[PDB]
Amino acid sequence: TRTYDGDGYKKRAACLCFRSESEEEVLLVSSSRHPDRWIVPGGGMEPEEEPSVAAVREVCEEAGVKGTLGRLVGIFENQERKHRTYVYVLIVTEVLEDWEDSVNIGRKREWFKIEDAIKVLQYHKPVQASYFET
């Protein structure tokens, strides 16, 4: 069940999944609808689901990782798609080999240096590229 803010924006949560506390490498995953494109893992908040809880669930489902949830980075709107996304830092401590989206849709994942992540996100996901602005 998709949820919405009072203005009709879709409620979403996302994590910047870092390899370490240095935050130099981030995990991106393949788009479901276009598998040669990279996205930040994230998705819809469920009814009455806390954003931090939604972000951890979405990263487990889409990216097959777990770890230590850090700070909220910010709340980012995509006016074109009508999304409002809570974006958190996660430090990855567990990498699972056969996760929900790997089994269900063959979703891929890959470590990117921050500057390379921003580069591959820019064309199709410029708001996701802005998650890294800091």
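So that there is no doubt, residue numbering starts at 1 and follows the sequence shown.
> On mean C-alpha B-factor from the PDB entry, just flag whether 30 to 38 or 69 to 77 is the higher one.
Per the deposited B-factors, the answer is 30 to 38.
> Check the entry's C-alpha temperature factors for 121 to 129 and 20 to 28, then say which stretch has the higher mean.
In the deposited entry, the stretch with the higher C-alpha B-factor mean is 20 to 28.
> Based on the PDB record, which member of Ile91, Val95, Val103, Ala54 exhibits the highest Cα temperature factor?
Going by the entry's C-alpha B-factors, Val103 comes out highest.
> Lowest, middle or highest third: which one holds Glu61 when the chain's residues are ordered by CA B-factor from the entry?
It falls in the middle third of the chain.
> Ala14: which third of its chain by C-alpha temperature factor?
It belongs to the lowest third of the chain when residues are ordered by C-alpha B-factor.
> Would the CA B-factor of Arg84 place it in the lowest, middle or highest third of its chain?
For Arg84, the deposited C-alpha B-factor lands in the lowest third.
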